[PDB]
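Ligands are counted one by one from 1 in listed order, and the atoms in each one are counted from 1 as well. So you know, we letter chains A, B, ... as the sequences are listed, proteins then strands, and number each from 1. Side chains are part of it too, since the values below use all heavy atoms of this structure and drop only hydrogens, waters and symmetry mates.
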Amino acid sequence: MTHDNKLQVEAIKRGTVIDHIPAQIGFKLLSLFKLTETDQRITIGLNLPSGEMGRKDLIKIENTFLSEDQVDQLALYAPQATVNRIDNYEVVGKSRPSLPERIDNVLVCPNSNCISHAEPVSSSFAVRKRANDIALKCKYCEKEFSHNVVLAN
Amino acid sequence: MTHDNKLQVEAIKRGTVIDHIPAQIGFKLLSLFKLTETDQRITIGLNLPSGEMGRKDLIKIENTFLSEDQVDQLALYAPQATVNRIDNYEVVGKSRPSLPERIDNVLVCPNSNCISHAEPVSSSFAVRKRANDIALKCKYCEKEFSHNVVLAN
Amino acid sequence: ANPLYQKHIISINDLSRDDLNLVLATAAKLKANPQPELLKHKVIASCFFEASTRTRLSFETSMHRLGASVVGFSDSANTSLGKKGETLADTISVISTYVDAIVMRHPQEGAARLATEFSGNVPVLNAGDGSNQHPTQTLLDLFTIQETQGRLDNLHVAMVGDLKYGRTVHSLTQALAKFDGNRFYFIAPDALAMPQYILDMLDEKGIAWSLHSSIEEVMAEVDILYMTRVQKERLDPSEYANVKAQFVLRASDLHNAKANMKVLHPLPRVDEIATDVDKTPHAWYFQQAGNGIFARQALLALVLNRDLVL
Amino acid sequence: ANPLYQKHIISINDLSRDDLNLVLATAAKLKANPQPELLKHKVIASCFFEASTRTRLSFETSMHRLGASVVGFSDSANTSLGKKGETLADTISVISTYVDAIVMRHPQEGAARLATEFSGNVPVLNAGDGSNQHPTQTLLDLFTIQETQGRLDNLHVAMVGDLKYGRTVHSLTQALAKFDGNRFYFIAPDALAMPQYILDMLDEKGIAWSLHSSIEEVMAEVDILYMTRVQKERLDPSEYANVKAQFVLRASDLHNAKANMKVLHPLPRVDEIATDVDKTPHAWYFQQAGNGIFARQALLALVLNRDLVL
Amino acid sequence: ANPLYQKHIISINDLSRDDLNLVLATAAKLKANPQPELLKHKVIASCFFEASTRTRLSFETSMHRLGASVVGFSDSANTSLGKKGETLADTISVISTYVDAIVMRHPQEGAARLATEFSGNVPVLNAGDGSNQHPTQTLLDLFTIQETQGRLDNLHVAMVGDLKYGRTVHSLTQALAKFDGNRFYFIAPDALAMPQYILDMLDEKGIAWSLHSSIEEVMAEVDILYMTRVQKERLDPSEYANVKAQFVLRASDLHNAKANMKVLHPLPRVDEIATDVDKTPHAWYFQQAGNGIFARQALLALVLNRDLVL
Amino acid sequence: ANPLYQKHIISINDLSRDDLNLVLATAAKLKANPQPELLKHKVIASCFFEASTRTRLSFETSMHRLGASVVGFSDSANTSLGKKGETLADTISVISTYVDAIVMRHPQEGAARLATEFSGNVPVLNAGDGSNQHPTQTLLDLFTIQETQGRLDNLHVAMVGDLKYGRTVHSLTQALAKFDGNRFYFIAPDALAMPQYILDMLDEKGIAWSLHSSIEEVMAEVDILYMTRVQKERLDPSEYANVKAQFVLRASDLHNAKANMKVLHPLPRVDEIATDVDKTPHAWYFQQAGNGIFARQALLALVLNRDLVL
Ligand SMILES: Nc1ccn([C@@H]2O[C@H](COP(=O)(O)OP(=O)(O)OP(=O)(O)O)[C@@H](O)[C@H]2O)c(=O)n1
Ligand SMILES: Nc1ccn([C@@H]2O[C@H](COP(=O)(O)OP(=O)(O)OP(=O)(O)O)[C@@H](O)[C@H]2O)c(=O)n1
Ligand SMILES: [Zn+2]
Ligand SMILES: [Zn+2]
């Protein structure tokens with residue numbers, strides 16, 4: 001317990017705080033990475049005031065430590081987030097998402113004739129070339145698309 | 001203060017607080033009712049402690065008054081949520097969801113030959129409490145189903 | 001302005017007793033004095049996205065006997081619509097830009113009601129939407145019960161055949177329940193029984209019905225015997241044949257039929273009503289079809305005319 | 001006798017500025033006062049050797065709103081012609097023996113012009129000949145630019161989509177080049193660019209055009225934004241999708257659009273114009289289609305009438 | 001010779017308990033110590049007058065793993081034989097002069113029994129005849145039940161789905177009812193229920209059966225759960241979609257099943273078995289399809305070879 | 001075991017330079033000293049969900065020259081599997097319990113890679129998957145280039161035709177770009193040009209390429225001329241017919257070619273290679289098709305056999 005407030009709420013004991021999420025990405029991340037199908041208390045703050053981005057989103061999941069590659073799966077959506085790892089009210093760890101070499105399940109192959117659409121396989125894309133803007137290759141049809149195109153539908 | 005509950009969380013000045021959302025309905029309701037598409041501060045709690053009622057969820061949405069019609073929608077999902085408006089630091093109204101007359105938009109016709117599946121149309125069902133259940137009659141195919149079949153999908 | 005003026009006739013559940021009476025009195029009057037230029041200068045679209053010849057030729061002759069022009073298509077066998085993803089909302093948004101009423105049949109249930117959200121003020125009349133409604137078949141059945149029996153209330157109406165999937169028996173039972181004191185007798189194979197939602201509606205209104213296994217059990221009391229075709233694939237060949245094929249009417253069964261009893265069948269009849277029934281005074285299935293012209297003309301006259309001359 | 005009297009409307013390249021003005025002034029007048037018996041007693045053939053419903057229902061309603069009778073067929077799905085080697089010259093030599101005008105669509109380019117060598121003095125109006133012409137779609141597009149913009153000259157017209165194989169954008173660019181000071185903006189995937197013979201014609205007449213890659217670059221200055229459907233097989237699925245699918249209009253893009261800007265689309269639209277554009281004041285694609293009735297009626301009135309009553 | 005040497009394999013009704021065990025015993029030996037040159041030089045005919053590629057590939061792979069040759073055909077909308085004019089009796093009369101054995105699947109019932117009268121001393125094995133029989137599916141189902149459970153007697157078998165028209169559920173009940181002490185649970189939608197003939201037979205033999213409404217109420221006591229496809233055509237979309245919270249199987253439903261409980265399905269399984277069931281231990285439909293190979297090897301080995309010493 | 005033993009053969013992208021040479025080395029030995037009982041007792045499945053009879057016969061003859069058995073199907077408008085309902089994943093899950101290997105050609109891309117996840121330890125060899133890959137065409141093309149030219153490095157290869165959509169020209173460039181010093185000439189109509197991904201890869205490896213407008217300007221310097229089909233549908237009749245004095249090859253064009261220059265074409269060659277080229281020495285498309293046999297024998301021998309001592 002520590003004097004929370006809501007323009008930046010306070011202390012969970014032990015767990016993950018993903019902070020410095022861009023406005024309107026927080027709910028995407030909740031839905032997309034299924035963060036909510038847990039029994040632990042989650043506290044989420046949306047469109048909050050902060051350290052300059054001005055307005056941000058934040059997610060607090062107690063007792064879950066999602067990491068290393070879970071954190072990396074956050075990089076197309078929230079690349080400038082910080083994933084604080086908390087234990088006994090102390091931020092025993094701060095990391096940021098690095099761009100992963102593979103993004104599974106979350107994307108949709110934009111190629112209409114791809115076979116992934118119809119079937120019990122989940123999507124998978126190979127990622128390449130950091131920040132000057134990313135290309136993703138479908139595992140199955142081997143067609144390479146711009147991340148901004150996969151990320152619309 | 002202590003027997004925990006609050007420790008600094010979100011007392012809000014004007015807004016709606018939806019309390020006793022029965023666990024797991026909490027994220028449905030954000031998606032379905034498009035509640036995060038707002039720039040106002042939202043603060044959400046999941047798998048929130050409730051010796052007060054098992055375990056629950058709670059959304060606090062400020063400077064917004066989601067009411068009348070908007071409240072009755074929620075009845076099919078969180079049948080006993082109590083909505084509370086707030087315009088100056090405490091409860092100005094405490095509204096319960098009553099079942100509506102029609103449930104628009106959020107629901108899919110079970111009937112695969114229904115024309116609602118292929119077209120730019122918004123779903124609409126007429127609600128009828130046939131004590132033991134609520135039947136839902138599609139406005140297009142005019143086929144009547146138990147709410148349980150529709151809510152499965 | 002008459003109540004029906006510029007309404008969409010989508011479902012029988014949307015028409016009241018009063019609404020049903022008005023159409024039926026107007027059919028009676030056009031049957032007695034023709035009004036062949038009433039819809040002069042109107043152009044009506046006959047959109048049959050699913051073919052139905054019987055119904056199309058009848059709706060268009062009705063349009064022609066009131067002076068209107070018809071443009072339209074019959075598809076199922078290709079006539080280019082929905083070609084390259086064109087939605088039904090968009091087809092109706094373009095057709096209502098130039099015709100004065102749309103008559104349409106479509107394979108999915110709900111389609112005529114969707115047309116209504118896009119047609120502007122061009123009325124949409126439903127000629128069948130999948131397993132859902134077909135009001136113009138119920139209007140003609142009603143008109144024929146009324147013209148031969150003299151009333152629509154206090155009837156003893158037997159419904160024989162496939163009651164589970166016959167979209168017309170279900171609508172005629174809801175239309176007839178709008179009226180008083182009718183009594184229903186259902187005679188169906190076990191697999192082809194009248195659904196519970198119908199039975200439950202009848203009960204809730206206090207209307208009497210009963211199930212029987214043969215027509216002989218109830219021939220005596222019956223006024224209207226409405227037959228339906230069992231579709232031979234709703235059962236397998238051996239089921240159809242094995243003992244459920246005895247929902248077949250022949251002349252001999254008619255002996256004790258009241259003098260006024262009529263046999264009605266929306267058609268095609270194939271097996272179920274033997275040819276020798278045709279020579280009897282009780283065979284009214286073809287005269288039922290000819291009454292489709294007046295029921296159908298009446299709806300187009302009431303929907304396109306503010307006031308009616310009579 | 002009006003200039004168009006008993007002409008064949010085969011190509012837009014055969015109609016002059018004056019010819020285009022006359023049709024457009026007559027469409028305006030029939031739109032304002034109907035002449036429903038002008039073609040009384042005329043019988044017109046609607047020969048669609050290739051199906052096109054949108055176009056057929058519109059041409060026949062136009063014939064019906066002037067009092068004419070229609071006989072005809074829609075094929076692609078069989079209606080016995082060319083059965084047992086019968087040439088098109090011979091089919092038209094028999095059809096012109098009894099109808100007063102032939103409206104025809106055909107899959108090969110040149111077919112309507114060939115009909116003209118065999119029809120005698122029955123006028124032939126072209127409703128599409130393969131990838132070549134479709135004048136009645138250009139007449140209606142022109143009429144809609146004119147009725148909403150008030151003029152046909154000094155326009156800023158953007159053409160977006162598949163400009164390489166869109167037979168209508170090519171004809172509207174040639175029609176519009178008959179007039180003065182229009183400025184063209186082409187916005188196409190690289191694979192679907194406006195052909196050189198068009199560009200070369202524009203240059204030779206001193207008309208200004210420019211290529212752009214997005215609509216946002218030119219929304220501000222634009223009066224008519226004419227969209228075309230990219231046909232998804234003119235590119236492969238991955239090409240269509242991969243970044244060339246951004247020739248899609250949505251409501252949000254319209255913010256800075258002039259108060260008068262209109263969005264036109266010969267239809268079916270499937271992907272390219274999002275549904276939310278429909279609620280805007282600038283969506284004029286369906287009202288464009290309704291104007292097809294007047295453009296089309298005007299051509300049949302000028303071609304079959306020596307003199308026009310107005 | 002072995003009991004089955006040169007016999008025709010047409011109906012499960014015709015094989016005694018002992019013939020069923022002979023086959024299952026052989027198939028366990030060929031699975032263990034395969035004999036790939038046993039039918040060397042024999043030529044089998046795979047006449048599928050009705051296509052089922054899954055059953056055809058199982059059988060042809062069976063023929064080839066025992067070294068035999070294969071000639072035949074399949075016929076979705078195609079190739080010459082039984083023509084219409086050419087009788088099945090004359091097709092067979094001609095093919096039984098060429099081959100050593102005939103596996104055949106035909107759309108009409110008793111087609112395989114008709115063949116028997118025309119094949120001379122050539123054995124004919126039924127791969128499906130309309131809605132009557134499919135003995136080689138029942139033989140592999142029993143092999144999968146004997147191989148997972150250890151016995152074919154004293155089983156608690158649940159049968160689920162379309163019990164009224166699944167040909168495999170009708171056969172499997174006849175065959176398991178030749179062994180002793182079996183208790184049957186039938187969970188079907190009451191429009192798709194066990195026919196009274198299966199049930200009347202089961203009561204003459206003193207066998208226990210009961211009918212249930214959802215698998216959840218038997219999960220606990222059950223050894224084999226034989227899921228069946230619910231056949232969407234003889235069902236209304238809305239009927240199909242209305243049944244409870246369904247009769248499909250998911251893993252959360254399995255959280256109570258005994259550890260030796262297996263789910264079997266003749267396949268295809270479009271809908272009724274969810275993907276998450278495939279990763280549980282109870283999933284055995286794919287393994288059931290590999291055992292198709294050893295059941296059909298066994299049958300061909302015993303029919304074409306005088307005595308097997310494997 | 002050999003490097004490829006029990007491996008899946010799906011994309012050319014996945015085989016190293018060394019795997020490509022292993023295959024080509026084996027295929028030269030099987031061509032010289034054939035081993036017709038090497039896969040004795042194996043059963044291969046030829047699942048062509050898309051018909052290509054030429055590729056199917058090459059492969060099935062490959063299976064039979066190494067003595068294996070064959071079960072399978074093809075599917076122009078026909079037979080049951082992958083049904084629509086039945087998934088490819090469940091088709092494969094079932095077939096990989098019957099066979100020892102699966103060759104498959106499917107219309108959708110990555111269908112063969114999907115199979116890999118469901119075939120257990122059964123190898124799957126891709127015979128074509130939409131517009132993605134066809135590794136066994138590239139393997140025979142390389143065998144024909146190595147066998148006529150003596151090496152796979154330092155070649156002047158001209159690629160001509162539809163470079164934008166020929167799947168074989170995209171693969172062949174990836175594979176020849178694993179060997180060293182190759183110079184590529186691409187003569188395509190600029191609407192059908194090499195995609196920038198092939199070209200961007202070639203520049204990262206330092207490989208030389210240039211684009212030309214007619215074969216006449218490279219004839220002189222070239223070793224392999226790989227002609228490709230120009231695909232008439234994604235082309236206008238008039239576009240198709242407009243290109244220069246064409247890109248088809250005749251013998252008078254060859255009067256300058258080096259004596260070791262060979263013309264290759266995956267076939268069919270409707271138009272682009274004239275009959276008189278067939279009698280020149282440079283013609284090698286038919287011989288290229290016989291080498292299909294030795295390339296696919298090699299692949300099956302290495303995949304199904306632990307080590308080859310031929
Ligand atoms: N037991 C705790 C301790 C901290 N926090 C969260 O930890 C996050 C950031 O960690 P911290 O280093 O303590 O604050 P900052 O220095 O601002 O971290 P940064 O600068 O990376 O945002 C804060 O948003 C706070 O909500 C928490 O919820 N529970
Ligand atoms: N300025 C305020 C005042 C109240 N609340 C919220 O409003 C809700 C209203 O509940 P309340 O009537 O204050 O007491 P309860 O007994 O908790 O209501 P209930 O009967 O649902 O238990 C509380 O959950 C509280 O979080 C708030 O966020 N901000
Ligand atoms: Zn893909
Ligand atoms: Zn519906």
Side-chain angles (χ1 to χ4, degrees), chain A residues 1-7 9-21 43 45 48 50-53 56-62 80-96 107-119 121 123-126 136-145 150, chain B residues 7 9 107-119 121 123-126 136-145 150, chain C residues 108-111 113-114 129-132, chain D residues 237-238 241-242, chain E residues 237-238 241, chain F residues 108-111 113-114 129-132:
Chain A
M1 29 278 251
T2 211
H3 27 353
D4 290 76
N5 116 82
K6 56 159 174 178
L7 296 91
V9 192
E10 274 182 85
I12 59 158
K13 70 164 184 178
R14 182 178 74 89
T16 305
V17 168
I18 298 131
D19 189 46
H20 282 121
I21 298 178
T43 303
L48 290 181
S50 198
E52 299 310 282
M53 198 170 267
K56 72 173 181 191
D57 286 340
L58 174 170
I59 284 173
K60 294 181 185 183
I61 316 164
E62 286 159 61
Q80 286 165 295
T82 315
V83 180
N84 298 281
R85 159 180 287 252
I86 274 83
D87 186 55
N88 236 256
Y89 298 112
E90 284 293 60
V91 172
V92 77
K94 289 211 183 70
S95 49
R96 321 190 60 73
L107 287 154
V108 189
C109 178
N111 162 28
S112 354
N113 197 28
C114 183
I115 189 81
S116 52
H117 288 121
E119 306 265 327
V121 302
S123 47
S124 195
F125 281 86
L136 305 168
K137 264 180 63 144
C138 182
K139 172 186 186 178
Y140 295 97
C141 64
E142 300 172 70
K143 223 60 86 153
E144 194 170 57
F145 304 99
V150 177
Chain B
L7 291 341
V9 307
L107 274 188
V108 179
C109 185
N111 175 17
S112 66
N113 205 53
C114 189
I115 197 47
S116 60
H117 291 139
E119 297 288 325
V121 74
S123 85
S124 198
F125 286 90
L136 299 186
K137 194 205 193 62
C138 181
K139 110 115 122 52
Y140 290 100
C141 62
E142 291 173 63
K143 227 60 93 194
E144 207 179 51
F145 313 87
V150 192
Chain C
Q108 286 168 259
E109 303 74 18
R113 168 142 287 153
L114 176 73
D129 54 324
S131 30
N132 180 11
Chain D
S238 310
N242 189 17
Chain E
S238 25
Chain F
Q108 277 169 271
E109 286 105 52
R113 192 138 242 132
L114 189 130
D129 63 334
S131 55
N132 171 30

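Side-chain contact check for F:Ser131 versus A:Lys143: some heavy-atom pair is nearer than 4.5 Å. Within the 4.5 Å cutoff, the side chain of A:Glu62 has no heavy atoms near those of the A:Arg14 side chain.
No donor-acceptor pair closer than 3.5 Å links the side chain of B:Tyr140 to the backbone N or O of B:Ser123. A side-chain donor-acceptor contact under 3.5 Å links A:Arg96 to the backbone of A:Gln80. B:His117 places a side-chain N or O within 3.5 Å of a backbone atom of B:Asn111 that can act as its donor or acceptor partner. Judged purely by atom type and a 3.5 angstrom limit, A:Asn5 uses its side chain to pair as donor or acceptor with the backbone of A:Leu7.
Here A:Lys60 has side-chain heavy atoms under 4.0 Å from ligand 1, and that is the only part of it that gets that close. Contacts between A:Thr2 and ligand 1 below 4.0 angstrom, taking non-hydrogen atoms only, are absent altogether.
Of all atoms in ligand 1, listed by their number and element, those nearer than 4.0 Å to a heavy atom of A:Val17 are 28 (O). Close contacts of ligand 1 with A:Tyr89, meaning ligand atoms under 4.0 Å from a residue heavy atom, involve 1 (N), 3 (C). Short contacts between ligand 1 and A:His20, defined as distances under 4.0 Å to a heavy atom of the residue, involve ligand atoms 22 (O). Heavy-atom proximity to A:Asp19, at under 4.0 Å, picks out these atoms of ligand 1: 22 (O), 24 (O). Atoms of ligand 1 lying under 4.0 Å from at least one heavy atom of A:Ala11, given by number and element, are 1 (N), 2 (C), 27 (C), 28 (O), 29 (N). Within ligand 1, the atoms closer than 4.0 Å to a non-hydrogen atom of A:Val9 are 26 (O), numbered from 1 in the order shown.
At least one N/O-N/O distance between A:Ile12 and ligand 1 falls below 3.5 Å. In terms of N/O distances under 3.5 Å, ligand 1 is approached by A:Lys94.
Going from atom NE2 of A:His20 over to atom CG of A:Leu48 covers 10.5 Å, rounded to the nearest 0.5 Å. One finds the OG1 atom of A:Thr2 at 5.0 Å from the CD atom of A:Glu10 (value rounded to the nearest 0.5 Å).
Taking the Zn ion (ligand 3) as the apex, the angle formed with SG of A:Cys138 and SG of A:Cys141 is 110°, to the nearest 10 degrees.
Taking a 4.0 Å cut-off on heavy atoms, A:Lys13 fails to register as neighbouring ligand 1.
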